[PDB]
Each structure stands twice: as C-alpha cells, then as structure tokens.
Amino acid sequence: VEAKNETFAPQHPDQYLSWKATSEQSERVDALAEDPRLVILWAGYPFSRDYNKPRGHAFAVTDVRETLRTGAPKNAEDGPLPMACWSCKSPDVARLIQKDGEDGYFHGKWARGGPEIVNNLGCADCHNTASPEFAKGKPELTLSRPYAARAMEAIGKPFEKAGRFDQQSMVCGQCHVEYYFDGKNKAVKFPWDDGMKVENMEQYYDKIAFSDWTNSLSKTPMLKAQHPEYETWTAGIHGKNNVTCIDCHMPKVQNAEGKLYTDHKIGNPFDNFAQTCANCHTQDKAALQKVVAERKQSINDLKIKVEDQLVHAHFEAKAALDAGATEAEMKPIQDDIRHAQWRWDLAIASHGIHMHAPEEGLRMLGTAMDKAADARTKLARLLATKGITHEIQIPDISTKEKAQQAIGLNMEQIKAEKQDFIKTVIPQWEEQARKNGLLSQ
C-alpha cells in the first residue's frame, strides 16, 4: 500500500487536485463552546475537554494530533489513548495493518504511532491503489480496514458481493460509524451484530456489560456515541432508496475539457447543488436548504431539552451520592441515565442527522426523554428518603469554561501541556517519518 498520496498526483490529476482541496474546508468550530451542556454529560471523559465539529479530510491527522483528547504523551507508552485513534485518520493505518498485521497495529498507545502515521487521509484508504486497473483510471474501490469488512458482513452485506453502488457507501462506512474499543489491545469494532438501530446496539452493549467510562458526577457507567452516519443514512429515506453518500458528497463533474470524473473535494453538497440534489430534485436550492434548516432547528430544539434533563439528572445523582446513597440504591437510576444518554448521544452524534434521517433523529431523542424522565423521577424519591425534597440547584454552566471548572478540569494546565506537546513533539515525529521515508521530503 502506498500512503504517500503525491505518488498519485501525476496519473490522476483531477482526483488529486479535488481531493487536496478539502484543505479549503478549515473552519474548526468549538462544539463545546456552543453547547456547554456537553461538558456535564461527558464529565470524566476526554470529550469534556475538547470537542469540535468536523472539518475537511485534509485536517484529520492534524486534528487528532491537536485535540486535547489525545493529551501530551511523554513517550511511546504514555498518553490517555490507544493506537486505535489513528484508525480513521490516515492511509498509514492501512500500511501498518498490512505491515504488522491488525493485532500488531492496535497494540500500544496512540503516541507509539506518531512518527508512523503522517500522511493525510487519502487514496489507499478507499482505493486498491496496487491494482494495475487503478493506474488505468478504474476505481478499484476497496475496504482497507478489515474491521470494517467484518462489520459489513455482520450486517449481511459482504463487501465483495455488494453491488457498485452499495460499495460506494461502504468505503465511507469504514470510518463514519459508531464504534467501540474491543479487548485488551482495544481494536476498533462496530457494534452491529444485532443490527444498527439504537435499541439493537443498546442491548448489544448491555449483553457484554460494556462501558466507555464512568460519569464523574453521577458515577454512571456511560456509553459514548460517535458519528453514526452509515447506520443512520441506511435508516433514512435516501438510503432506503439507495441514494449513496457519493450521490450527494462526491458528484460526477467535468474537466475544463469535459472529461467526467468524481469530485473528491468531499464536503457540503449544497456548495454544488446543480451537480447533487438537482440531479434528482426539481425544487430549487433555497427551497431545499430551507427544509433542511428547519429539520436542523427542530432537532436542535428537542436536543437541548433532552440535554437539560440529563444535566439535571447527573447533578441530582451527585446530590444523592453526597447524601449517602448506596450502590444498590443508585443502580436503577444509573441504568436509566446510561440508557437515556446513549439514545440522545446516538441521536445527535452525527452532524448530518437532520439531513440523512431526521425522523430517526427525532425518534431516538423521544425515547431518550422517556428514560431521562424515569431517572429523575427515581432520583426525586431517593433524595426524599434522604430527607431532601427541594429542587437540586445546578452550578453556573452558561459557558464552556464555567462548565469545565465546574466538573473539576484544570484547563490552563491541560492546554499548557498540550501546547508544549504540539510545539515540540510533533515536529520530531515528522522528522523521524521523513528519515524513514514514510513522509515526503
């Protein structure tokens, strides 16, 4: 596998050039600053430190390098996070998987990978670049992540038997999914064995009593959702009609000399409306943008109501622990909080949900609300048995920075450490990669 994408700029100029252009999509928006409530709901987990909205594929490697979530490893065995964090960021992951094998790849801390995983998300992620057919300009789409191949099988869709159009969406489905870390090596695995609906994955995580972390306010064993667009897309009316991710996000387009190719500048479809929705819809651009924005507002409105409930629940649960509640007394409440938050998180962890499957988004939040209702109703009784009967009062969480101080984060300290790491360690990584010829000189 060839991870150095430049290698391919000469044979495949139109793709290389449009691919490279995702660097223009560089706005990196602080999702926590926008919704400080998230810091409470993720108390005790790295997402409470740093969580931004997605940007261009071109920023993948640098963004995982720079999140507060990966911390500031002193050495190849240090740092909070495992090798698996590289998995969906670079074609060097494919290199390493074929070089050291999967287990070899997953072994160790993220930091171990720093001077190995250096090329931007690119050609060998989606393409079997080895094939002689690829130089000839045929796609030769492939799944380069074996854990993604397994999952497509688990879901009844073995890649190599799927038709061309299913395969298009599956390449995106290598990374744009909900996943968890499986086993002591912490390998990536999509929780799809029982299906891809919220309640499927819920029972699945429960069969194996898995938790991503324990919320540090309520002591609840939490599950974390991550960007489930593949699951959520297939549930939506476009996916039911086999409108693929490529149909909206990678439209066929023309050379300055009318040669047709696929736009690799993967971004917002509305930017190229004539070449995307317009292919299948007669409504004009402003009409369709308007509909989409209404679904975004609806979901956001309900989204915040659920989040407000969960903020009350985590702090009520803390008030109960402080009042001497025992584990047996907390366990049913924690079950409800775990379930409520999982449904909420999965509902909105994809920033596309209002477009891909707005009605599933709304449905998940409704069922999140049902569990949050139970959680807080059980807490009001529990606290009563402890002699407390007033409303539990929440610290000021009107800003990201207040919410972070409120759950005990030393943000200056944390940012200082990260800034020191970025400034000094990353350039060491790139110099090592150059010497080893992993990175273009």
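When you see a residue number, it is the position in the sequence shown, counting from 1.
J.: On average, which has the higher Cα B-factor in the deposited entry, 276-284 or 351-359?
T.: So the stretch with the higher mean C-alpha B-factor is 276-284.
J.: Taking the recorded C-alpha temperature factors, which stretch has the higher mean, 253-261 or 105-113?
T.: Between 253-261 and 105-113, it is 253-261.
J.: Can you tell me which of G122, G137, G267, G366 has the highest Cα temperature factor in the record?
T.: Across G122, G137, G267, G366, the entry lists the biggest C-alpha B-factor for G137.
J.: Comparing recorded Cα B-factors across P91, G173, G236, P132, which one is largest?
T.: Answer for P91, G173, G236, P132: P132, with the highest C-alpha B-factor.
J.: Ranked by Cα temperature factor within the chain, is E307 in the lowest third, the middle third or the highest third?
T.: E307: CA B-factor falls in the lowest third of its chain.
J.: Report the third (lowest, middle or highest) to which the CA temperature factor of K184 belongs, ranking only the modelled residues of the same chain.
T.: Within its chain, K184 is a highest-third residue by C-alpha B-factor, going by the deposited values.
J.: In terms of the chain's CA B-factor thirds, is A373 lowest, middle or highest?
T.: It belongs to the highest third of the chain when residues are ordered by C-alpha B-factor.
J.: Splitting the chain's C-alpha B-factors into thirds, which one does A148 fall into?
T.: Its C-alpha B-factor, which the entry lists for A148, ranks in the lowest third among residues of this chain.
J.: Compared with the other modelled residues in the chain, in which third is the CA B-factor of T62?
T.: Lowest third of the chain for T62's C-alpha B-factor.
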